[PDB]
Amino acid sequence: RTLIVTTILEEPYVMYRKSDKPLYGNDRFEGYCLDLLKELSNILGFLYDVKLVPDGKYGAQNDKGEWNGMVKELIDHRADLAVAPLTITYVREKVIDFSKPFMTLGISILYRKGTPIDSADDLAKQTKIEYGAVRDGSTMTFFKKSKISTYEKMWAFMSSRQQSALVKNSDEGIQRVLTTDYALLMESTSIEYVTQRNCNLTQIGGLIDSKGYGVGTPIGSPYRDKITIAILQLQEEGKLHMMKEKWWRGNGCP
């Protein structure tokens, strides 16, 4: 049978292809995750239909504890796999079976070049420069649930004033950084994509944590380990590396 793969739009993992006519099915999309999905299907030998997550969300719980986003699609068995920049977190790993990481990364800071800010501590210990993250993503959740004093403070600043320091998505966060005196807490992978294309911005400090993106499957899924094994094979052959270079490719900056 055909596997239903839930995903979400986000450059450069999943994007609408460009054509002079209307596109249909899997052909509507392209990006790192589509190349990954293609490699996985060739190795494990399965057909698949890509379907954008209806509510456009990654995955979190409501006050009742019920899930949404791609996580929910897997939990309800409306999707067999979730292929996207979906962070392997403690809370999510409890409700679905993640494959092993096909990409390793961490949270970092997106800000302007030629500045004296050099770390999260610098941001936390002042108030003139605003900073935040994408609402309901694994980055905001990191700050929300953190116990490390520096990060507890930064959270206080983020959730204050009805969370006005937070943005709805990466595109909005990036524009806010570009237009105002705002710093964006975002995953290193996405920051790298930006900095390579926009020399006016840079990453501040290093990674404040370590985590990975993994293919999601429903708990008990028989595809989880098979996918984990294909991912390890792809990494060992250098394919994951080639795929990353193919999609992050930019002129670079001085």
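Note that residue numbering begins at 1 and tracks the sequence as displayed. What we label the rigid core is the largest C-alpha set whose atoms superpose within 1.5 Å from one form to the other.
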Open item on the list: Stretch 216 to 224 versus stretch 62 to 70: after rigid core alignment, which one is farther off in C-alpha RMS in 9 other deposited structures of this protein?
Closed with: 62 to 70
Task: Higher-deviation stretch (C-alpha RMS, rigid core fit) in 9 other deposited structures of this protein, choosing from 71 to 79 and 180 to 188 - done: 180 to 188
Open item on the list: Test of understanding: from the entry's C-alpha B-factors, which stretch has the higher mean, 242 to 250 or 21 to 29?
Closed with: 242 to 250
Task: Segment of higher mean CA temperature factor, 129 to 137 or 84 to 92 - done: 129 to 137
Task: C-alpha B-factor winner, where the candidates are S119, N169, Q175, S108 - done: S119
Open item on the list: Per the entry's Cα B factor values, which of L184, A165, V71, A156 stands out as the maximum?
Closed with: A156
- [ ] Taking the chain's C-alpha temperature factors as the reference, tell me which third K100 falls into: lowest, middle or highest.
- [x] lowest
Open item on the list: Could you place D35 in the lowest, middle or highest third of its chain by Cα temperature factor, using the values in the record?
Closed with: lowest
Task: Modelled-residue ranking by C-alpha temperature factor, third containing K57 - done: lowest
Open item on the list: Using the temperature factors of the C-alpha atoms in this entry, rank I43 within its chain: lowest, middle or highest third.
Closed with: middle
- [ ] Sorting the chain's modelled residues by C-alpha B-factor, tell me whether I191 ends up in the lowest, middle or highest third.
- [x] middle
